[PDB]
Structures are given as C-alpha cells and as structure tokens.
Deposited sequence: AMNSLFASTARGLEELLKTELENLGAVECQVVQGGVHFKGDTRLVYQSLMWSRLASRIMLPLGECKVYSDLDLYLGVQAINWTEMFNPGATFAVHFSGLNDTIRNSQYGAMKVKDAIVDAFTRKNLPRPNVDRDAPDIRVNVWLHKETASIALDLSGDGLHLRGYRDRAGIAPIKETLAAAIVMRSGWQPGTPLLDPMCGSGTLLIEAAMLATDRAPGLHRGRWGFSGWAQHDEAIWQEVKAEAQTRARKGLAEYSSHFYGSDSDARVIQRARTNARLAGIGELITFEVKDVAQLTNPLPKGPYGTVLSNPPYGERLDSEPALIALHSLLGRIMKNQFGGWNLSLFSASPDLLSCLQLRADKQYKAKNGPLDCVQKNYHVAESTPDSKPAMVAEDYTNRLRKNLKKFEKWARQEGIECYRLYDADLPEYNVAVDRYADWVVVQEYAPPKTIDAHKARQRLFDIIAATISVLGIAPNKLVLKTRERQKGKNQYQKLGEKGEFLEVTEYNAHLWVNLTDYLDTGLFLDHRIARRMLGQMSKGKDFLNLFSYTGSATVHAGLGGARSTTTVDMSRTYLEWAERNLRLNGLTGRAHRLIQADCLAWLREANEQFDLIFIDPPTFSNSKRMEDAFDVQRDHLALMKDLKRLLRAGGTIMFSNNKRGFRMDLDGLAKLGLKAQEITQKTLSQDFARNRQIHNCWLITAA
C-alpha cells in the first residue's frame, strides 16, 4: 500500500513541516494552508507519528463528499466502513470544523456524523459504540470547506504537542510544536551550549535537548489514536518503537554539551525541573532561580553557544524597557561571540537590546503576533547625547537642590531638540513627560538612558505619554509638605516652576489675611499658612482640587475656622465678594469664558475692592508675550512691580514658557 496522510500544523510552520516529513521518508508532500498532505507506506505512517516535532495532528483521510442536505453527509459518512474499522468495545468521538449553508452549526455537524456512525451498527444489528469525548479510542475529524466535507481518522489521538512530559491541560505559554520551530529557527547548533535566562516552564530548552539527543517527540507519549482501529499494524508499530528506544539511548549517552535555564520565579523553576526530568533529558539541563540581572556565562573560556529566550512583553513600561536594556548590556559583557535568539510579542522592546538582528521570523502564538529575531554578539553608543546632558544636569541640579532645600525639580527640560521631553524628579520618584514605532523606540531609548543615569529603580519612573487609579506621594518644598499624584492627572498637583513665588508668599504672610484665587491644589496657601497667615481663603471651581488643597492644608496642621475653601467660579466670586485681605495670590490659567490678557484689568478692578490698606497682590501668569496694562492700572490707582526675574528657578531657566510675576499695590 501507498497511504495518503495529512499533518496539520500552525500557519507559518507548513514549509518547515514539509521538510521534516521529507527527512523521515515521506513522499509527494504538498503544503496547504494549516497543513501538509503526504504519502508513504505503513512504516512511514508510524514513523511520522513518532518522529514529527511540528505536526499538531496526523490523520488518515477516509473520504470526502458534497454536502447539500443532512442526507448527503449521512450517505457520505456511511460510505465508510465503520463496523469493520472499530476494534470491539472501542469508544469514539467526532470533531467537526467548518460550516456551509446546510451545516450552519458545528456541534450540529458533529452530531449528525456521530448518528450516521452509530447507525452503521444498528443497521447491522451490532451493539452501538459509546462516545468518550475525553479519551476516545477512535477520533474522527471532519473538515467542511466550501461544499465538501473531508472525513479522516485522527491517528495522533491527543495533540502531538503533548510529548508525555507535562499535563494534558496544561495550557503552556508556547505549544511544544511552536517551541520546536523556534529552536530550529534560532541558529542554534546542536552540541553547543544553549541557555535561556527567562526560561519559564523550560519548554524551549526541553525541545532543544530532545531534538539534539535524537529523542523522539513520541517516545514518552502514553496514548495514540491508532489503538482502537482494526487496520492498525502492531508489528510495524513495535519496530518503530524499538528504533526510537535505540536512538534515544545513544543520543543521550553520547551528548557532551549542556543546557542552562534560569528564571526569577521559583515556582516555574520547580515545574521546569520536573518537566525536564520526565522528558528523559533531565541530566542534560541545569535550572536555577536567578534574575536576569545576575545572569552570568557559565563557560567564560568557551565554546560559544546560543542564548535563546522568550522575554516578557507589555501585557510602554519602564520595568520592561529596563529588563531588555540590561539584557543587551549583559550579552555584550558576558556572551561575546555567542548567537542570540529571542521570541517576543514586542519588537520595540527587542530594540532596547541595542543589537542589530541579521534574521527574523513572524509567528502567531494563539491570537498574538510575535517575532523571533537572531543576533550575533560581537566579541570583546546609546543616545550618549542625552546621556551626557543629563549626567551634567544631574551634577548641576542635585547640588543646587541640596543647597536650596528642594526635592522636587526639573532635571531636564527639552534641552536638546532631538530629545524633546521633560524629566521631573519628585523625591525618590521620576516623571518623564513626552511632548513630540520610530517614535516609540526613541522614547524607549530615552527612558532606558534616564533610568540608567539616575540609578533609579524602574517602578519609580512614571511615563506620561503624548497619547487614573491609585496613589499619592508626600513631598516637601522648602518647609511645606505637599501631596502629589504622578499618574492620574494631566499635572501632578504641584507646578514646580513657581516655587519661589510660593516661598515669597510665605515670607510676606505673618499675621496676614491671605486669599488664593484659581488655587488648584492650594500649594501657595500651604506656604502662606505656615508663614503665620491669620486666615487663609482658598478658591477654585474644581471640587477635586479643593478636596486635594484641604488635604495639603491638613498635612501641615492648618485646619479649623481660620482656613476656608470655597468652590466657585472666581470671577463671579470677585464680582460679589466684600471681605478684605492683606495678601492676595492670583495665578490663573491663560484661558478657561475667561481670558487673562483680555480680562486682567477687570480682575485688578475687583481685587482692588478686596485689598486692605497697605496690602499686596501677587499676580502671575504664563501667557506667552503677556502685556501688563500699566496705564489701565495707574488709572485704577494701582502700581505694579515686575518680579519675574527674581522668581525664576534655575531648573527652568532655559524654558520657553515664561511665568510672568508681579507685586501690585496702592499707587
């Protein structure tokens, strides 16, 4: 006999499958979407079941028909000689994929086929065979495409990816058949060291070890689809089985190289170790619990080999960027001369390695697009532009900030126009704020470089992207304690560039009645309050920012009747108000119905009504090119002394946005 077979595989693997079938004897192989049709004699059927590492399932087409009625399928199914095919007492199951105008539901199709099969027994007065979906002895597949159903015996039984070293469920993050592909694409030469420092369940390393010691994927499988079937040939199966034993033993006894796996998670490593032991190859592989950060080359004196792995992906994250960036640095340092292959769902994260891949492959892993890329690591740059600038600013501002008593400040303010980003330090945290795949990888480089210059821990870096759950952070500004939130708002709750105007209010405050309009989180009120203000009044339209202001006042012991918070539109509040204040801070947005340039004079007109004799208004804004109407003011009997230069902090000295600042008083 010449038999006709079909092997299914994952899309993308078909050509690799066909070569593997050919290498083991198969003839007339033709790739097709999701599989390979092939031929060989009966030893060849058994040899492909035992030996194929890429096949998901191997089956035997039994026939095919057109399906234009429940009847056609029924007739079509009964053409095949079931009663003679089943061993006595064999259980069965039917899996049916695909649909047409008559079989509009798959489970329906599986049902009609199952019924047609049972009816081959009824019509010959035989005991009806039972179904066992869990572990049938006979599995029948049918594939319906366009108008044709194709029926086939599944010879694999369980999927061929189960090699007998795991759990039949299971759910591996990478199927065994895909992991064997990855090893084949990796450039890894069997017989040279292989290492995976993020090894998970160890699957990559176990497939590799089995491939390299000629250990058949089938060697340890406990069950096959051919055992319930009458045409089965035990003596040929026995001969394939004994050929497998012989080759495994020699493969193992002769292998002289080694496999190294490591992973940070102690649970997976215990599973990796039991898996490998059950694969038969456990003596060839060493697993340890170890972070990529302490990765070392166990063979510093050679021979070179391959580092093969499947890193975590963004399931933008600073921790991932840092993990990829450090891996590249460790490759270069520890594994010069070696081959590197990586399977990832994030090409952008692979770019953080700072290596150029000389080969790549696309593969689906379930629903996810992944790539595998291979690289050569040279024997014995990185936005050095930004790096040097940032190391400079760091030396400069760290010292300046220590002298001034400042712990939140701007480390970098788009100083180089090709690295157009702000980096703000808040105590032990850092926020990088973007302004600007090409783009994304440049951003990643900036993040890697900034994590590396600062010596900061990745989880303490927050990325605010060009494109709200959690936590507030307590910070100081000279003597104020303030709450910030680095992630949930467009801003952090503290406008850092205005710290000096804030410190000044605090010096001008002793026994003063203070008013703060457009107060935001009330940081200026906290400075006034701690300067001995006799009462503070803090106003803003936002209930959230007023709650946050109150929490800031509370943080510095400023509670009770003397410290008020008022939710209002500040302009209508100004129209109607009567009380008087000695010190007034008003620092509005440029627009909100309100226009600072247009309306400032009319604010000063109302503010005048509220300013107690001898009092001062500190007015500020950040409208670009703002013009103070000095004539309007003098007409109101007010004068204005610009203090903009005196209130400029060093960390913001080169910034475009100018925060203009004025002391207004009685003429």
{"property": "Unmodelled ranges, which are counted on the deposited sequence from position 1 and given in order", "result": "316-318, 384-390, 447-453, 485-496, 622-628"}
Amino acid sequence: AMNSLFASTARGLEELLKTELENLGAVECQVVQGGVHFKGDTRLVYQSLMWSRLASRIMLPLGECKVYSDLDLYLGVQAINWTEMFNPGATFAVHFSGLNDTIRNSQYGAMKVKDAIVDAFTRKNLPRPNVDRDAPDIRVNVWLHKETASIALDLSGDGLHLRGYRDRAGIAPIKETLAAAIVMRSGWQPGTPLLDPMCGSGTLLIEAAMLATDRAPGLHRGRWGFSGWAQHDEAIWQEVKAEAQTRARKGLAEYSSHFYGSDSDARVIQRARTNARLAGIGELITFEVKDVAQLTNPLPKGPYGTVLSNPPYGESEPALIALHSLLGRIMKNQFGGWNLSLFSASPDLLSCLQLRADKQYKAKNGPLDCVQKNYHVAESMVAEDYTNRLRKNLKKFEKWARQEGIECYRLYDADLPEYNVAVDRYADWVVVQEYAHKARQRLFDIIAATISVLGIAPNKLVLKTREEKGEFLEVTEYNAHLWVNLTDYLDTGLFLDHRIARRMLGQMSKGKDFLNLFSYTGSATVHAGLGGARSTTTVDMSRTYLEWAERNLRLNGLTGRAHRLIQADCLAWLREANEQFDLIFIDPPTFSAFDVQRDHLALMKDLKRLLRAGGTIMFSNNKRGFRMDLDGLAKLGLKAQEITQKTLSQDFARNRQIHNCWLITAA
From here on, numbers count along this sequence of modelled residues.
| item | value |
| --- | --- |
| Mean C-alpha B-factor comparison - 569-577 and 539-547, higher one | 569-577 |
| Selected stretch [higher average CA B-factor]: 12-20 or 653-661 | 653-661 |
| Residue, from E176, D101, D587, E477, that the PDB entry assigns the highest Cα B-factor | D101 |
| Maximum C-alpha temperature factor, selected from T192, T91, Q360, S523 | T91 |
| Third of the chain's Cα B-factor distribution that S69 belongs to, per the entry | highest |
| Ranked against its chain, the third holding the CA B-factor of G305 | lowest |
| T616 by Cα B-factor - lowest, middle or highest third of the modelled chain | lowest |
| Third of chain Cα B-factors occupied by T487 | middle |
| Chain-wide C-alpha B factor ranking for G337, given as lowest, middle or highest third | middle |
